[PDB]
2 protein chains.
Amino acid sequence: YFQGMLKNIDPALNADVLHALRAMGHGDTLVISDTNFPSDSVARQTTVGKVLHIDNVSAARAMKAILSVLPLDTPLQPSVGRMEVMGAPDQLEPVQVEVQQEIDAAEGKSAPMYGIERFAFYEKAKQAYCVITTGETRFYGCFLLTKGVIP
Amino acid sequence: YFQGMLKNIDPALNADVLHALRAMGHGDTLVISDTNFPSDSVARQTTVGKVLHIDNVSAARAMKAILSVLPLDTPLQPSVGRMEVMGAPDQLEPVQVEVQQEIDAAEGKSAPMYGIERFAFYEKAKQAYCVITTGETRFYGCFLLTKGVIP
C-alpha cells in the first residue's frame, strides 16, 4: 500500500513505525522479527508495548526500509545482532545473508552482524524499544538493531 | 533539538508530527498555527485530538519542515489556505509572504495561497486531521494545508 506515502521516505514505513524510529534515542534497540518469533508476547514488554509491522515483506526488505531512515551505531559498536544457528555460531542462513546485503548497502562498507544465542536474543528483545514484525517466514529471520547518531 | 534525528528527514519533524503526516490520506487537511490561535480548543475537535508542535520555529520554518515530506494537492486544487486580513482580502502580512516562499520552493513553481475568512478558517480547522502549533507570534500566522498524492 502506497496510500499516504511521503516525499523521499520509503513507503513501507507506516506511521507507527516512523514514530518509533524517530522517537528512539542513540543506543536504543529494535527487533525486526520473522513470523516464527513470539512477537506479541515479547512486544508487551517493549517501550512501545504492542507489535509494529512492515507486513508481507521479507526481513531484507524490512531492513532496507528501516535503514533508509535509521542510522546504525556502527562507528561505535557492532549494531546489528542476528540469531545464532543452534550449535553453529558462524553459520549464516539465506535469510541472514540477504539482510547483511542491506546493512552493507546502507553503510557503504562491510558491517558484519554479530551473533546472539537464542536465549540471550529473547531477553534482549524484551528490552528493546519495539518489535517490528514482517512477512518473513524463514527460520532465524530476527535481528536486533542499535540506533546510531547523525552528526 | 537534533536528538534522535533520522537520515534525510528534517529534524524539526518530531515523532508525533511524522506520524500525523504519514497517516493522513490524500485530501486530508492540517493547520499550522501561530501562538495566537486557540490551538488547544480547536485541536480537541481534530482527528488527532491534541495539539502537535514544531516548537519555537517561525511559521515559514514550520512550513519548510512539513513540505519537505508532505506532498500538496496543488495539481488538483489550491492547497494552502491563509487567513484573510480583516477587510482586505488581497492583503498579505510579512508572516504570510515568508510562508509563500516555502510553498513555492517546495513546489518549484508559483502556488499562491488562497484566502479564507476568519470564521470559515476556524470551522475548517475543526475539521482538520491535526493542528500543529509553532513559535510564530505574529498575527495571521495560521495556514490550512491539503495533502496531495505521490505518483
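Draft legend 1. Examining the pattern of salt bridges more closely. Residues and elements named next belong to chain B. Evaluated as defined, the whole model comprises 10 salt bridges over all chains. With a closest N to O distance of 2.8 Å, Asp 10 and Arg 61 form a salt bridge. Of this pair, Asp 10 sits in the segment before helix 1 (15–23) while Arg 61 sits in helix 3 (residues 59–69); the two residues are 51 residues apart in sequence, bridging distant segments of the chain. Under the relative-accessibility criterion, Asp 10 is labelled buried at 12%. Residue class for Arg 61 comes out partly exposed when judged on its relative accessible area of 30%. Here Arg 138 ties to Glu 98 by a salt bridge, and the two come within 2.8 Å at their closest N and O atoms. Of the two residues, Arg 138 is situated in the loop between strand 5 (130–134) and strand 6 (143–146) and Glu 98 in helix 4 (residues 94–107); the sequence distance between them amounts to 40 residues.

Draft legend 2. The arrangement of the sheet that holds strand 6 of chain B in detail. Residue and element names in this part refer to chain B. Judged by pairing direction, the sheet is mixed, and its six strands sit side by side in the order 2-5-1-6-3-4 without closing on themselves. Both edges of this open sheet fall to strand 2 (52–54) and strand 4 (114–116), since each of them pairs with a single strand only. When the angles between neighbouring strand axes are averaged without regard to direction, this sheet yields 30 degrees. Where strand 1 (residues 29–33) lies against strand 6, four bridges are found, and the strand directions are antiparallel. Note on strand 6: the bridge partner recorded for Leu 30 is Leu 145. Of the strands in this sheet, strand 1, strand 2, strand 3 (80–83), strand 5 and strand 6 touch helix 3, which is tilted by about 10 degrees from strand 6.

Draft legend 3. Representation of the nonpolar core in the model. With 68 residues, the main nonpolar core has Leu145(A) and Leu145(B) as its most contacted residues. Once residues lying within four places of it in the same chain are set aside, the contact partners of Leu145(A) are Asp28(A), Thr29(A), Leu30(A), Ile32(A), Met63(A), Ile66(A), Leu67(A), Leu70(A), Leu72(A), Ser79(A) and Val80(A).

Draft legend 4. Broad picture of helix 3 of chain B. Within helix 3 of chain B, eight of the 11 residues are buried, which leaves it mostly tucked inside the rest of the structure. All of the buried residues along helix 3 of chain B are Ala59(B), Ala60(B), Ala62(B), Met63(B), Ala65(B), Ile66(B), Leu67(B) and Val69(B).

Draft legend 5. Local environment of the relation of the copies chain A and chain B. The two copies are related by a screw operation: chain A maps onto chain B through 180 degrees of rotation and 0.0 Å of translation along the axis, at an RMSD of 0.0 Å. Within this description, the copies of the chain are treated as partners about a two-fold rotation axis. Across chain A, the rotation axis passes nearest the C-alpha of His19(A), at a separation of 2.7 Å. A high fraction, 100%, of the interface residues of chain A reappear at the interface in chain B, so the copies pair face to face through one surface.

Draft legend 6. Fine view of the interface of chain A and chain B. Contact with chain A, which involves 26 residues of that partner, is made by 26 residues of chain B. For the pair chain A and chain B, the summed buried surface comes to about 2200 Å²; carbon and sulfur atoms form 60% of the total. On the chain A side of the contact with chain B, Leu6(A), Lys7(A) and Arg22(A) bury the most area, a combined 35% of that side's loss. Joining chain A to chain B, the criterion identifies 16 residue pairs in polar contact. Among the secondary structure elements, those contributing two or more residues to the side of chain A that touches chain B are helix 1 (15–23) and helix 3 (59–69) of chain A. A total of seven residues in the side of chain A that touches chain B trace back to one element, the largest contributor, which is helix 1 of chain A. Here the residues of the side of chain A that touches chain B sort into 17 nonpolar, five polar and four charged.

Draft legend 7. Geometry of the packing of helix 3 of chain B against helix 4 of chain B. Residue and element names in this part refer to chain B. Packing of helix 3 against helix 4 brings their axes to within 8 Å, and their N-to-C directions diverge by 20 degrees. Taken together, the axes of helix 3 and helix 4 are roughly parallel relative to one another. In the crossing of helix 3 with helix 4, the sense of the turn from one axis to the other is right-handed. Between helix 3 and helix 4, the contacting residues are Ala 59, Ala 60, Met 63, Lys 64 and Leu 67 on the first element and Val 95, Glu 98, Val 99, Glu 102, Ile 103 and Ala 106 on the second. Class assignment for the residues of the contact of helix 3 with helix 4 results in eight nonpolar, no polar and three charged.

Conventions and cut-offs
- Residues numbered from 1 in each chain as written, not as in the entry; some residues may be left out.
- Chains lettered and ligands numbered in written order.
- Heavy atoms only, no water.
- Residues with missing side-chain atoms left out of burial classes, pairs and counts.
- Salt bridge = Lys/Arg side-chain N within 4 Å of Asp/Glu carboxyl O.
- Helix = DSSP H or I, 4+ residues; strand = E, 2+ residues; numbered from the N terminus.
- Buried < 20%, exposed > 50% of the residue type's maximum accessible area, 1.4 Å probe, protein only.
- Pairing = 2+ DSSP bridges.
- Axes fitted to C-alpha atoms, helices over the stretch in contact; angles between N-to-C directions.
- Contact = heavy atoms within 4.5 Å.
- Core = buried A, V, L, I, M, F, W, Y, C linked by side-chain atoms within 4.5 Å.
- Least-squares fit on C-alpha atoms.
- Buried area = accessible area lost by both parts, 1.4 Å probe.
- Polar contact = N/O pair within 3.5 Å; in protein donor to acceptor, adjacent residues only side chain to side chain.
- Nonpolar A, V, L, I, M, F, W, Y, C, P; charged D, E, K, R; others polar.
- Parallel < 35°, antiparallel > 145°, perpendicular 65-115°, else oblique.
- Left-handed = near helix turned anticlockwise from the far one by under 90°.

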